[PDB]
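Peer 1: how would this look folded up:
(6 chains, ligands or ions: 6)
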Protein chains: 6
Amino acid sequence: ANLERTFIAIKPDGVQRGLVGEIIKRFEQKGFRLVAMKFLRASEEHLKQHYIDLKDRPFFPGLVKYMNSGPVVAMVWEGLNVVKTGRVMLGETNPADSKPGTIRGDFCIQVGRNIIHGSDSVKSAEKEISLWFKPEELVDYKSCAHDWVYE
Amino acid sequence: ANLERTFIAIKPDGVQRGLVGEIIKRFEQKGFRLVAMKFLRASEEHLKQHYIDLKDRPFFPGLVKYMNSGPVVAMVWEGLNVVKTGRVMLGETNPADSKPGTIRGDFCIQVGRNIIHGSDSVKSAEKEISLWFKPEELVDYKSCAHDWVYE
Amino acid sequence: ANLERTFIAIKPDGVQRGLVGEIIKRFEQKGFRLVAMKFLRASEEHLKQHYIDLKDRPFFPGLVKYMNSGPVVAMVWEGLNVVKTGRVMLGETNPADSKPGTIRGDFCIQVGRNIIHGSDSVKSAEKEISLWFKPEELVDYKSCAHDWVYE
Amino acid sequence: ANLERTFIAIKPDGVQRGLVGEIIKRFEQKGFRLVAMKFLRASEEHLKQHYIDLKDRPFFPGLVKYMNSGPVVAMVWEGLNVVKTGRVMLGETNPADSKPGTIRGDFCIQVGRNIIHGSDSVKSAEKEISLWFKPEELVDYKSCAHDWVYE
Amino acid sequence: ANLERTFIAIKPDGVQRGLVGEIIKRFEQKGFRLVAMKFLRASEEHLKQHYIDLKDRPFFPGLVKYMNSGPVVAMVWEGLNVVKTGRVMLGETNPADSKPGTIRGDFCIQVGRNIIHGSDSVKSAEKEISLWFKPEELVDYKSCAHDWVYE
Amino acid sequence: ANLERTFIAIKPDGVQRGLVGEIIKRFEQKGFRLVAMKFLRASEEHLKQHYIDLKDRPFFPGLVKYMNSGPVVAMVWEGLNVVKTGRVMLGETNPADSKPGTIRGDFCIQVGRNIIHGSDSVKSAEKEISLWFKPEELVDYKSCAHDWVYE
Ligand SMILES: C[C@@]1(F)[C@H](O)[C@@H](COP(=O)(O)OP(=O)(O)O)O[C@H]1n1cnc2c(=O)[nH]c(N)nc21
Ligand SMILES: C[C@@]1(F)[C@H](O)[C@@H](COP(=O)(O)OP(=O)(O)O)O[C@H]1n1cnc2c(=O)[nH]c(N)nc21
Ligand SMILES: C[C@@]1(F)[C@H](O)[C@@H](COP(=O)(O)OP(=O)(O)O)O[C@H]1n1cnc2c(=O)[nH]c(N)nc21
Ligand SMILES: C[C@@]1(F)[C@H](O)[C@@H](COP(=O)(O)OP(=O)(O)O)O[C@H]1n1cnc2c(=O)[nH]c(N)nc21
Ligand SMILES: C[C@@]1(F)[C@H](O)[C@@H](COP(=O)(O)OP(=O)(O)O)O[C@H]1n1cnc2c(=O)[nH]c(N)nc21
Ligand SMILES: C[C@@]1(F)[C@H](O)[C@@H](COP(=O)(O)OP(=O)(O)O)O[C@H]1n1cnc2c(=O)[nH]c(N)nc21
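Peer 2: Numbers count the residues shown, from 1 in each chain, chains lettered A, B, ... in the order given. Ligands and ions are numbered 1, 2, ... in the order given. See below for the structure:
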């Protein structure tokens, strides 16, 4: 259970507004383990694949353009219930509903510029991880505080 | 909609306990735009006008004296749903009910020393803004990150 | 009422992961007064007394070993509703249910390594205080900001 | 001597990059007392007065345009040796020479976008104070921690 | 050499202005190990012993009264060159000369309210440690990141 | 001049001690632009190339083993004088000499576990960038605050 992983991506507005370090620190101080990280401008084709479920929504063309309009930080994090807990830490998808203390609650305002993405389930995490990273980009190491984080 | 404004005042206890910077930083990092700001000791007459709706409450004389007992920082902030979101960020009026992560939940304890004020509605914001500021004190400028905060 | 006290202990995992300063800062910034503090490795006998109600639970031997496996910071804090508010600040006993903004929600993952303890009631605070501190270790002084924190 | 005052202005780049709360917090946590504060777009004529000594420098037209290109936060701060210490806290005028730990050393890069101004001497502070504030904007109150800051 | 220790005391002004958490966090994040900690009001006799070398200085009566005027946090910290490094982190004894980034440079103003004490040499550390703590209050444990801090 | 780049690597001790977010935030808040980033366990052969100049030093086998003993965060950052400024922000190579306010001064103790690397010159930056990154990993975009950071 402690080996669960999620995909977290800082979107272009999070990069542009200078929020990368603050976001990583939230995951680090919680006790989760950084498995993978890269910085890139995601191609339109890649983003169409990421967002394939939405390909018919009216806002899809604009979503893909915005997500391609600057670089993103793509990450994988590991730990117990990291998918669900990761989502709690992000806050609600819509920042208007996100509580103070959460990433979106603290740092952004509108649903179209909501700074971050996290996997919504284990099954979507495994799909997003295979889409965004090569197997060799997932680094295997053990946190020095593992036994103080986990029974 | 993105042009809504609220009035936020740091009460004398907020000033005295050295919380001005911390409070401003919360609004800045969220993406709201500072429109106006001044520091003053509000007269008793001014405060009776600010609090006119409470003039019959038992606590009103003591409320006015406390609000006159040191300086306050008066501000106007702008953004989408700034009134309602501003109140969420402050926390509940009574600090005992305010959640961790909010301004009152993090920083104060009792309802009579609750460090900050925010407008409860658009209509009361517009009245409080006209009471506390001259129209020329409201500054018009565009945040450099506006297009990363709003679609 | 403003003289209520609670017992807070930073558990060995809290110490080990470098969270002592962060935790104390949360209580200080809120307006509570530090009454007593010591750093020690609690003996097994002491811990069995602290946790006497659980002496029959399956996890009790392991709980005691963990709580003896490094030092703890034992504190007393004072203020209005410090017991209940202290527990809100800590978050739920189980970190999986603790909200962002709380100590456990921000800093830990698993119920067996949940970094901190706070008294659950006035009556249990008074018992824990007499167990962990001598009366002469409780310091009486008045915070310089007391009249800005309390009516 | 403990009554000395300085003028500090957060320049339009400081406001645009969201540094107002961070800067104020540095002065507050040091133990200085905020005496006055306002937020305005300074007129070109006002700025030419502020910068009268430089009116012949090649960079003066550009300096005045930049200082008028967005709002500034104008402040007065009080305490022992606040002029000299204020300058130390800001860092060197040229951010390339400012040490880490200082405001310019932490937050900016180039001399023409150096985020903040502080009075260079007691006599220039008193001139800048009279230029930017009316005497009634200077608030008299005593910090609750004064006797823990000063012998 | 990695087993060197220093005595650090947060003075009454440091406690009263709510700096305890901040100060501890500086030592923890650096990689030093907390060995002992207690909170007390030091007696005048104890303080006269601590400050015996200064008993003839004109400021001595004032120094002793102030150091007795509220509680102090007494600590022992361990690590390589902790005495010298500890002093660098504190800053110069006189806050006017302390650089931004240091404890005194960031948080206090005058030499008689200079928030913190650190041992000036290994020999004075060992004397201060035996004066303020019993040998049994010094806790022996190994930090989980020790081998990431030391070769 | 404003297009200069440096290579910054957070070493395995920096990762293990949970300093990645904190370090990135220092570069972001200064005004530098993140150009590239990846997370990997560098091979022994790669590290021997990075450290080719030291291959005869007594500490070289241990340095390579330590640098291979966990993952590193490799980055490229851009801005005016980023190589020299980068070095000033890191502090001296030897943490014993690094000032408070710097990354090494704040966060580490010993030369063999000094948490971070930065290029010592433009020429070594260009060599390190070509060794650690492919050209296509270097992302070109323009900061939204560019004209508030640079004249
Ligand atoms: C913000 C989102 F990226 C979500 O992060 C993602 C997943 O769609 P959902 O929100 O249904 O689901 P999750 O948040 O994953 O639980 O689509 C986007 N999105 C959703 N609604 C809207 C909308 O009105 N406008 C725009 N511009 N983007 C929208
Ligand atoms: C503290 C307040 F200034 C509130 O900030 C404001 C509006 O508080 P309300 O409850 O009317 O409504 P809102 O939540 O603002 O919409 O009155 C005051 N106030 C309310 N109860 C008390 C009380 O017991 N003691 C005192 N000293 N002041 C009180
Ligand atoms: C974490 C706890 F110390 C609680 O902090 C304390 C009192 O927990 P209680 O159930 O008495 O109630 P509170 O919510 O505290 O008032 O026992 C422990 N504890 C409870 N369940 C478990 C468990 O599964 N595993 C382990 N290792 N420890 C557990
Ligand atoms: C940056 C400043 F706004 C300083 O804040 C102010 C006082 O800087 P001065 O050198 O006059 O003197 P002090 O540091 O106070 O002793 O002038 C400006 N300034 C100085 N050099 C330059 C320059 O090259 N380019 C530009 N654009 N502006 C410059
Ligand atoms: C602040 C100090 F506690 C120093 O920490 C310690 C020894 O001061 P020294 O500088 O001799 O030695 P250190 O560098 O400190 O180790 O007495 C105090 N002290 C020094 N000067 C003064 C002064 O003017 N006024 C007052 N009120 N107290 C002073
Ligand atoms: C810390 C370093 F990685 C420096 O980054 C790099 C170049 O050390 P240099 O001083 O040649 O140059 P820089 O200051 O780096 O640009 O060697 C390493 N290093 C230097 N001395 C020692 C030492 O005693 N022990 C160990 N374990 N490693 C050492």
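Peer 1: I'd like the distance between the closest residue to ligand 4 within chain A and chain D.
Peer 2: When scored by C-beta to the nearest ligand atom, chain A has residue A:18 as its residue closest to ligand 4, at 22.9 Å. The way it works is simple: take the backbone N, C-alpha and C, and place the C-beta from them, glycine included. Separation of residue A:18 from chain D (C-beta to the nearest C-beta, to the nearest Å) stands at 8 Å.
Peer 1: same deal with residue A:132?
Peer 2: 30 Å.
Peer 1: Get me the contact residues on chain A for chain E.
Peer 2: For chain A, the residues in contact with chain E (C-beta under 8 Å from any C-beta of the partner chain) are A:144-145, A:147-148.
Peer 1: residues in contact with the residue of chain A found nearest ligand 2?
Peer 2: Residue nearest to ligand 2 within chain A (C-beta to the nearest ligand atom): residue A:100, separated by 16.8 Å. By C-beta atoms under 8 Å, 6 or more residues apart in numbering or on different chains, residue A:100 lies in contact with A:106, B:88-89, B:91, B:99, B:101-102, B:105, C:101.
Peer 1: Among the residues you listed, which ones are in helices?
Peer 2: A:106, B:88-89, B:105 (DSSP state H).
Peer 1: all helices in chain A, in order from the N-terminus.
Peer 2: A:12-16, A:20-30, A:44-50, A:60-67, A:82-90, A:103-107, A:122-132, A:146-149.
Peer 1: Tell me the residues on chain A that lie near ligand 1, please.
Peer 2: A:54, A:59, A:63, A:93, A:111-112, A:114, A:120 (C-beta under 6 Å from any ligand atom).
Peer 1: Apply 5 Å and report the result again.
Peer 2: A:59, A:93, A:112 (C-beta under 5 Å from any ligand atom).
Peer 1: Output those residues in a markdown table, with distance to chain F and neighbour count appended to each entry.
Peer 2: Output for the residues of chain A next to ligand 1, formatted as a markdown table (distance: C-beta to the nearest C-beta, whole Å; neighbours: other C-beta atoms under 10 Å in any protein chain shown):
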| residue | distance to chain F | neighbour count |
| --- | --- | --- |
| A:59 | 22 | 12 |
| A:93 | 23 | 16 |
| A:112 | 16 | 15 |
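Peer 1: Sort out which one of those residues lies nearest ligand 3 for me.
Peer 2: For these, the nearest to ligand 3 is residue A:93 (31.0 Å; C-beta to the nearest ligand atom).
Peer 1: for the closest one, what are its contacts?
Peer 2: A:104, A:111, A:114.
Peer 1: Let's have those residues in JSON lines, adding neighbour count.
Peer 2: Below are the contacts of residue A:93 laid out as JSON lines (neighbours: other C-beta atoms under 10 Å in any protein chain shown):
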{"residue": "A:104", "neighbour count": "24"}
{"residue": "A:111", "neighbour count": "15"}
{"residue": "A:114", "neighbour count": "23"}
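Peer 1: Return the closest of the residues you listed with respect to residue C:138.
Peer 2: residue A:104 (42.7 Å; C-beta to C-beta).
Peer 1: ok, now how distant is the closest one from residue E:61?
Peer 2: As for residue A:104, its distance to residue E:61 is 57 Å (criterion: C-beta to C-beta, to the nearest Å).
Peer 1: The closest residue to ligand 5 within chain A - how many residues pack around it?
Peer 2: Nearest residue of chain A to ligand 5: residue A:29, at 34.4 Å (C-beta to the nearest ligand atom). Neighbour count of residue A:29, defined by other C-beta atoms under 10 Å in any protein chain shown: 18.
Peer 1: my read: it touches residue C:107, true?
Peer 2: Yes - using C-beta atoms under 8 Å, residue A:29 is in contact with residue C:107, at 5.9 Å.
Peer 1: before we move on, back to that, if we take the contacts of residue A:100, which one ends up nearest to ligand 6?
Peer 2: So of those, ranked by how close each gets to ligand 6 (C-beta to the nearest ligand atom), first place is residue A:106, at 36.2 Å.
Peer 1: residues near that closest one, how many?
Peer 2: 23.
Peer 1: and chain A, which residues reach chain C?
Peer 2: So far as C-beta under 8 Å from any C-beta goes, chain A lies against chain C at A:26, A:29-32, A:79-81, A:85, A:88-89, A:91, A:99-102, A:105, A:145, A:148-151.
Peer 1: now do 10 Å
Peer 2: A:1-2, A:26, A:29-32, A:79-82, A:84-85, A:88-91, A:98-103, A:105-106, A:144-145, A:147-151 (C-beta under 10 Å from any C-beta of the partner chain).
Peer 1: Quick check on these: which are buried?
Peer 2: Listed as buried from the residues of chain A next to chain C are A:26, A:29-32, A:79-82, A:84-85, A:88-91, A:98-103, A:105-106, A:144-145, A:148-150; burial here means 16 or more other C-beta atoms under 10 Å in any protein chain shown.
Peer 1: Quick one: residues contacting the residue of chain A closest to ligand 4.
Peer 2: Applying C-beta atoms under 10 Å, 6 or more residues apart in numbering or on different chains to residue A:18 gives the contacts B:29, B:145, D:17-18, F:24-25, F:27-29, F:31, F:34, F:143-145.
Peer 1: which residues touch the closest residue to residue A:77 other than its chain neighbours?
Peer 2: Leaving aside its chain neighbours, residue A:77 sits nearest to residue A:32 (4.6 Å; criterion: C-beta to C-beta, 6 or more residues apart in numbering or on different chains). Residue A:32 sits next to A:5-6, A:8, A:26, A:77-80, A:82, A:85-86, A:89, A:143, A:149, C:109 when contact means C-beta under 10 Å, 6+ apart.
Peer 1: Which residue would be the closest one in chain A to chain C?
Peer 2: residue A:101 (2.8 Å; C-beta to the nearest C-beta).
Peer 1: how much space between that residue and chain B?
Peer 2: Distance from residue A:101 to chain B, by C-beta to the nearest C-beta: 3 Å.
Peer 1: Could you do residue A:76 as well?
Peer 2: Distance from residue A:76 to chain B, counting by C-beta to the nearest C-beta: 25 Å.
Peer 1: Likewise for residue A:107?
Peer 2: 6 Å.
Peer 1: Would you mind extracting the C-alpha trace of stretch A:110-119 into PDB?
Peer 2: Only the C-alpha atoms of stretch A:110-119 are listed here, as PDB (Å, rounded to 0.1, in the frame of the first residue of the first chain):
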ATOM      1  CA  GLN A 110     -10.200  30.400 -11.500                       C
ATOM      2  CA  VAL A 111     -10.900  26.900 -12.800                       C
ATOM      3  CA  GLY A 112      -9.200  27.600 -16.200                       C
ATOM      4  CA  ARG A 113      -5.900  28.600 -14.400                       C
ATOM      5  CA  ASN A 114      -5.800  26.200 -11.500                       C
ATOM      6  CA  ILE A 115      -2.000  25.800 -11.400                       C
ATOM      7  CA  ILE A 116      -1.800  22.000 -10.900                       C
ATOM      8  CA  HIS A 117      -3.000  18.500 -11.900                       C
ATOM      9  CA  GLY A 118      -3.200  15.300  -9.800                       C
ATOM     10  CA  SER A 119      -4.300  11.800 -10.800                       C
END
